[PDB]
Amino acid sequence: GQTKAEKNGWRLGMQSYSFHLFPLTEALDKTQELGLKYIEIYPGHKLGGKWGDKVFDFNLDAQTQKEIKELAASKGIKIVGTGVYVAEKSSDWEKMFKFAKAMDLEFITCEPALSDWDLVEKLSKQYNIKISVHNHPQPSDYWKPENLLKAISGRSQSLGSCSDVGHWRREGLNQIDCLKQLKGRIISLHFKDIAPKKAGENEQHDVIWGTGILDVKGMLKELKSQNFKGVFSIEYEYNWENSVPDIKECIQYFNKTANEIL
């Protein structure tokens, strides 16, 4: 690949939820404007354009599937995954896998119910689509790596973590050590940096990478030491209305830092 990061298999992409206030047609434009070549689309993202209020989900019709793939292709963007997916019924998991296959996705980011692991592993093997288990703060099943490893250790190598480095730190965990624990079991990331936690505010929000407390450089050093290869999805939950400038500075810091260590 042309950049150092790209050479080493580190693919920066957009997590479409960062642009949930806009239709997917606009999210593609912004993703292209940012020079990003990959996108992970959240389930339910409204399409806009000539599709109006039709959404990107596993019930999307065949014509629209192909039209969306062409629009993305036309803007230099590959749709690599979809998520974060939470199944409403167990029977829906096979529908999601068929949709991922038809859309030619590499992975589904999700939070499977603990009781559906045999089913999900089986489908992942059958369909050749990776499963990247997202962590979020408690209450939840995968909020720390050892809970993910309790669920997936010994199963298909196609199963792993969608590493949300922010949410691990929001749980008081050493996020760099969370990456370390998940060596060989990280499929993709929800890469972000976050502000220090203020006693009197409930949320510590996302900030431009390199300005927060997550030590983006050290996390990249750890990902280097593991020989990680995959997609770093930009999930930027701040300045929702006008976040492209901030995201541009995020991307700049990432390439600058990856160039320094690669």
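Numbers for residues come from their place in the sequence shown, where the first is 1.
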- Should the higher mean CA B-factor in the entry be assigned to 184-192 or to 67-75? 67-75
- Message: Regarding 233-241 and 38-46, which shows the higher C-alpha temperature factor on average in the entry?
- Response: 233-241
- Item | Out of 106, 111, 94, 164, residue topping the C-alpha B-factor column of the entry | 94
- Selection by C-alpha B-factor (highest) of 117, 142, 85, 99: 117
- Task: Can you work out whether the C-alpha temperature factor of residue 173 puts it in the lowest, middle or highest third of the chain?
- Result: highest
- Chain thirds by Cα B factor, record data; residue 224 belongs to the middle
- Where the record places residue 155 (Cα B-factor, split into thirds across the chain): middle
- Task: Tell me, lowest, middle or highest third: where does the Cα B factor of residue 30 rank within its chain?
- Result: middle
- Message: Is residue 125 in the lowest, middle or highest third of its chain when residues are ranked by C-alpha B-factor?
- Response: highest
